[PDB]
Each structure stands twice: as C-alpha cells, then as structure tokens.
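Coming up is one lone chain in structure tokens, specifically the form deposited in one PDB entry.
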C-alpha cells in the first residue's frame, strides 16, 4: 500500500531530498511514498522495461525529451485533470507545456516537475588575469573565439593546482545527447530535424547546421580544448572544472547549488572555482541566441493500482510550494512559471543569469522517434570528435558524416 516513485539523481542525496519533500503529502494522505533512484545512464532502459512488462512504479520521472517515446507505447495515464488543477496551459512556458504530451496527441501524459537550461560557467579570476571582458567574450561567436585566444595566451595558474587552465572544456567522448552541440547548430540558423510536407526529416546536413557544428568542433581543433578533454565524458569534464582545470564550461543551473555544498557532501564549496564562479549565456550566433532548455516531468503508469493517490501526489509535486522547495534542494528551476518569482531564485545573481537566458531557451520536438534520432546523431558526432582528436575534421568530412547521420535518421523517422 506504499506509493512507489522512480527518480533520477537530481540532488546530492537524491532519495533523502525526495523523502523530505513528500513528508507533508504522506502525513496529509496517511500513506508512505517509496522512492527508487535510477542513474541517468540506465534510467531509460529500466523505464522502458517497466513500460513493456507492466511491472514498475506508480510514478516515474522522465526527462522532457523522453515523454513522446514513452507516451507512444500507450502505457501512460492521462493527466489533463492534474494540469487543470495546477492552472492549465497558462501556468507554464510554452517550452515547458509542449513536453506534457507526445506531439499532436490529444491528451497530456506528463506533469512538469522541474526545468533546466544551459549556459557557460566561467572562472571570474582567470578571465580578469587574461584581460577578457566577459560581456564581449559571450556577446558573439567572434567574441567567444577572441576570448578563448586571450585565455590560451594567459600566464594565469589555478591557486590550488598551480597549473594553467584549459580555455574551454567540452567532452569529446561519444555523447549521450546533443545538449552540448544543439546551441551551435541553432545559433547558425540550423536544426536537428525540420517539419515540412507533413513529415519530419534530418536537417543536421543543412548548410546552417554544418556551419554551427564545424564552428564548435573547430575550437577544439584550434587549441582551445585540450587533447585530454576529447577523451572525457560530461561528468569527467564537470569534475575537471570543479578541480580548477577549465576556465569555461557549459552546464545547467544545478552546479550553482553544488558550489555551496562541501566536497565531502558531493559539492565543491572548498574549491577555487566555487569561490570565483561566473555564469554567462551562450553567445549570439549568426542567426540569433539559443540554448538547450529541458528538465524532467512525472508520469503515471496506466497499470498502477494507486492512480487516485498517485494523481494527488502529481498535483502536490506540480504545485507552488513543492515546486519552490524541490528547486531549492536540486539547484534546478521550477517547472511552474509562478514559482520563478521566489526570491531564492531572483536574488541569486548566478541563477538570475540562467533565468534571463530562458528567453532564448529552445526545446526538441516531442516526437515518438526522438531517442532514435538523437542516438544516430550522437554516434555520428562521436566520429566527428574522433577526427578532431586527429586534427583532421574538415568541412568535407563533417558534411560526409552528417549526410550519413541524415540518411539513417530519415530511414528511422519514415
């Protein structure tokens, strides 16, 4: 008679934080909530195994980009009633509302839980020593490359590591997602997929998509990303920025919360980076400013034996008080627009920078096939990183890889 909820690791002690969050719900409803944490690397497989077997929790977290795929399997309970109780369409950013459903579907299948978007963390101390004005460096693509050139030339050394800092750390290992690449594709005027003629097709091989992708990967090729970074994944690069190896690195808003937590508690409060932390939005590309905007939603399996209490929990987790409290514990942003006004978010100057970048937030379409698109894109992007690791990424070779990515994506989408 326990409600069961599956979550990902959204906070340093993620189960304890989730239990603290729901204790008022448990007391008001006379029920216990049992939480299971799934690592982000394995969550998709465990959630899809529950969807196919009918054995699983009442509720699951879903990354926003997963909602279409899980909804298309016909295993999610409608939640238009819950979203109505929370304020309906009006209560959310369009970028958040669009993740409540499979695109074109009638009925919502997911409740917004938290939002996140990407921006650049930078070392305030390293840019000052390099003579870089952050407002110029993060204005434009030309600004960004000029600032990296100045950071490469800098004699600055981290006070702890006593060594120079990489201008930019970005991972070169085959990525799990396009989160890092997408702003450069978009800033150039391109897109991952495009809807035309009542079908979706790859646009990764568009002149504009190839422009942004080449710009981004050539920064590594030009000496602004150290060879060692190419051999790392996102978690390893995050550790490198925290350990004082990187002047600039792109991530979500949670690293602000982690900068106030001791290392022994899973943050980096003691590190120089934590004490010299800036944030700047992605620079304007040729065709405008964009960043990846995502987050997580909650879904109810239609095979749950506790749908009535599970919907009350969704209403609780989706509502103002729990919205504020969980974003405070995780370092994410509320999903619910009203909750953004809390002074805990507005008066935090680093998080305010994320708040202002949300105007340029861009999302993926909520497609049934999205996983398969992203998986083919990332496997080809990996091959392009391997060329960067040889100094052999040319425009010709990047186009050849993206034409192959585009053939396989169009096959999958058909």
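Rigid core: the largest C-alpha set superposing within 1.5 Å between the two forms. Numbering follows the first chain given and starts at 1.
Another form, the form deposited in another entry, is not on view; read the next lines as being about it.
Visitor: After superposing on the rigid core, which residue among 273, 313, 165, 204 shows a C-alpha displacement of 2 Å or more between this form and the one not shown?
Guide: The residue that shifts is 313.
Visitor: After the core is matched up, is the C-alpha of residue 391 off by 2 Å or more between this form and the one not shown?
Guide: No, the C-alpha position differs by under 2 Å between this form and the one not shown.
Visitor: Once you overlay the rigid core, does the Cα of residue 404 travel 2 Å or further between this form and the one not shown?
Guide: For residue 404, whose C-alpha is compared between this form and the one not shown after core superposition, the shift is less than 2 Å.
Visitor: Does superposing the core leave residue 36 with a CA shift of 2 Å or more between this form and the one not shown?
Guide: After core superposition, the displacement of the residue 36 C-alpha between this form and the one not shown reaches the 2 Å mark, so yes.
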